[PDB]
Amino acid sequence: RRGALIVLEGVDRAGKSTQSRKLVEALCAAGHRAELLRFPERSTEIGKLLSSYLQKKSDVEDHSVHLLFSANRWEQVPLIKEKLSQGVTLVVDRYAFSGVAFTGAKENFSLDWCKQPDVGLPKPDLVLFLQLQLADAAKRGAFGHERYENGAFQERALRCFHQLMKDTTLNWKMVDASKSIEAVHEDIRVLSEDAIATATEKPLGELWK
């Protein structure tokens, strides 16, 4: 009985990391085997190159960095498939959708070109998108020093996310991330329990193919 692959995507400061941590904790407390992943995974050799880029400690050509972000997912595919096959549900803080939306926000990058490197990855059984109005986000801190942490760029990435949500091959669920941490958590947790039950029924799919 395989585990489910659950991805959290969402606007800046919408609560992806908070909700991913809370979801794994709740699932494990309810008797499931669940583990947390995040992308980029900065611990690998590729992940270190990505972390330096995001911190502005290095500059990387736009196409090359897009491909590093995708390679950083592929290097974890053997682990992802092993865990799901062993019955472990994986909760993932960002995935290929962020990969496409962030590079796709740059000039002269088509969504098609951006998707291709990730074609074939393990397909999420559930893609949560944490929606939040900017007035409500603003109250969640201030733009930091990392790359991409600016309004105009975030807005272009959001438009790309909306283009990806048109894709009916995926199980997208919108989450109102403007509520309390606990209320958002309960909405996510219930959606996740449902997905876990059904994932044991169909084989793990392949993304965008």
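Just so we're on the same page, rigid core means the largest C-alpha set that superposes within 1.5 Å between forms. In this text, residue numbers run from 1 along the sequence as written.
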When the core is superposed, where do the C-alphas shift more in 5 other deposited structures of this protein: in 139 to 147 or in 153 to 161? 139 to 147
With the rigid core as the fit anchor, does 13 to 21 or 196 to 204 show bigger C-alpha shifts in 5 other deposited structures of this protein? 196 to 204
Assert higher mean C-alpha B factor (67 to 75 or 103 to 111, deposited values) equals 103 to 111
On average, are the C-alpha B-factors higher in 94 to 102 or in 125 to 133? 125 to 133
Based on the PDB entry, the highest CA temperature factor among the options 44, 51, 178, 171 is that of 178
For the CA B factor values reported in this entry, which option in 60, 165, 36, 27 has the top one? 165
Determine, from the deposited record, the chain-internal third of the Cα B-factor for residue 14: lowest, middle or highest. highest
Compared with the other modelled residues in the chain, in which third is the CA B-factor of residue 138? highest
For residue 196, does the deposited CA B-factor place it in the lowest, middle or highest third of the chain? middle
